[PDB]
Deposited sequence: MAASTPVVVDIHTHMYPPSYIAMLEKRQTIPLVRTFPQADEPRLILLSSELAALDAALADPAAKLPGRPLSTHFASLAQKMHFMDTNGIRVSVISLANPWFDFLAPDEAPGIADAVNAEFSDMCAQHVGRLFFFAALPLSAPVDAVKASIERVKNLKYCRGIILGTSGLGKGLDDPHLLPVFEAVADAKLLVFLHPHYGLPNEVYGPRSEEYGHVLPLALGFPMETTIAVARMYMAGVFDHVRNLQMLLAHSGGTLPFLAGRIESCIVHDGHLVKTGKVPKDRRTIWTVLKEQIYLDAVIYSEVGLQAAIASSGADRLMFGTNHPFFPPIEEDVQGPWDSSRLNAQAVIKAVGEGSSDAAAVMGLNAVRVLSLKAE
C-alpha cells in the first residue's frame, strides 16, 4: 500500500538566496515564509507524520518566469541541481519535477530539457500557463512540448498568474486571498488547457502526457459544455475544424491527461474520476501552502486529511482504485 504525493512544493536555499536580491517581486501582506518551505528535514517529517512514503517534489510558483533571459538558464541549472541532490539524501522517497527557464530563448529552454532528462531522480517538468510569454497555444512552444514528450517527461501544469485583478471587484482585499486562490488559480488552469486543446497541441504531439493541478481546475465540470460549444460553432464548422474523426476532450482526458486529487471535495473528486478514470488520478497535498491556524503546525495537517478522506468517500478504503489513486498510479506512470 504505497502512498505517493505528486503535488508538493519546496523553495530550496539557493532559490531563496536570489529572492533576497530583489525588492520588486517576489516578495500582513502575502504569505508568511517558514521552515516548511525550505527545510528538507521538515518535508520528510511531514511525510512520516501524514503517512506519505514517496514524494515527487516540485519548485513552487513563480519559478523562473520573472528572471531576465541572461541569468535564468544559470539559475534554473543550480536549482534543479539542488533538487537532484536533495532527492539523493533520501533515496527511494524523493523524486522531482524540474522547472525550465521559460523567460530565456527557446534554444536555452531546449538545452535545459536535455540536461534535466539526465538528472538523477527527475521524472518530469513543472510549467506555468504563460509559456514563453504568450500562453501555451504559442506555436513557438511546440518544439518544447515535442522535446519534453520525447524525453519521456511528464508535464505538470500548475497555476500562478490567475485572472486579472479587476474581475474580483473593489472589495477583493476584504476576503483575503480566497478569490485568487479558490477561483483564479483553477480558472487560469482551465483556460490554458482549453487553449492547448483548441490549438491541437495534443494531436500534434500525441506522445505528450499532462498532469493537471487541482483536478484540472474546472475542466471535468466544463468538458461537456466545451464539447457542445465546439460542435455547434459556426466558424469552426465553416472552416472545417470539426470533422467526425476529431478527438474529443473526453478522449484526450483519458489518453493524454492525468489529474491530481487536490480538490477538497468528494463531489469534485467524483467528477474527475468520471472524466479521466480511477487509473489516471493521483493523490497530492499542496504542502506546505495550507497549514492549520489554531492547531499545531508540527503535527498532522487538515489540508492533507481532507483530500485523503475524500478518496475513501469516492472509491472506498481497501479497493484497488483507492491504492492506485493514493500512490500506485504515480509509481506506474512516473517509474518509481
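Map the modelled residues onto the deposited sequence and report the uncovered stretches in sequence order. Counting from residue 1, the stretches without coordinates are 1-5, 33-64, 374-376.
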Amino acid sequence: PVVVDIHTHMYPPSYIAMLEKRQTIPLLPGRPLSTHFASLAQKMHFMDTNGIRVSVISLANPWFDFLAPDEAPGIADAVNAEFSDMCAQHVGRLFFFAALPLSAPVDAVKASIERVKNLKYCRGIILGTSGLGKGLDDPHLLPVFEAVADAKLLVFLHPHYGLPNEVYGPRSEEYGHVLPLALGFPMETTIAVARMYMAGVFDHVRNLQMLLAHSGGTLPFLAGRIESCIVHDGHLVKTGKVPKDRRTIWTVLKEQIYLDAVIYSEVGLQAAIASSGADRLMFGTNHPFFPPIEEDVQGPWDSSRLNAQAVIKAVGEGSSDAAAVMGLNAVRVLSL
From here on, numbers count along this sequence of modelled residues.
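Using only the Cα atoms and their B-factors as the entry lists them, report which of 307-315 and 62-70 averages higher. Taking the mean B-factor of the alpha carbons in each, 307-315 is higher.
Mean C-alpha temperature factor, higher of 104-112 and 209-217: Result: 104-112.
For the C-alpha B-factor as written in the entry, point me to the maximum among 245, 260, 227, 166. Answer, based on the entry's C-alpha B-factors: 245.
Per the coordinate record, which of the options 80, 130, 239, 256 holds the highest CA temperature factor? If I rank 80, 130, 239, 256 by C-alpha B-factor, first place goes to 239.
Where the record places residue 49 (Cα B-factor, split into thirds across the chain): Residue 49: CA B-factor falls in the highest third of its chain.
With respect to C-alpha B-factor, does residue 123 fall in the lowest, middle or highest third of the chain as deposited? Its C-alpha B-factor belongs to the middle third of this chain's values.
For residue 27, does the deposited CA B-factor place it in the lowest, middle or highest third of the chain? As the PDB entry reports it, the C-alpha B-factor of residue 27 lands in the lowest third of its chain.
Chain thirds of CA B-factor: placement of residue 293: Highest third - that is where residue 293 ends up once the chain's C-alpha B-factors are sorted.
Rank-wise, by C-alpha B-factor, drop residue 152 into the lowest, middle or highest third of its chain. Middle third.
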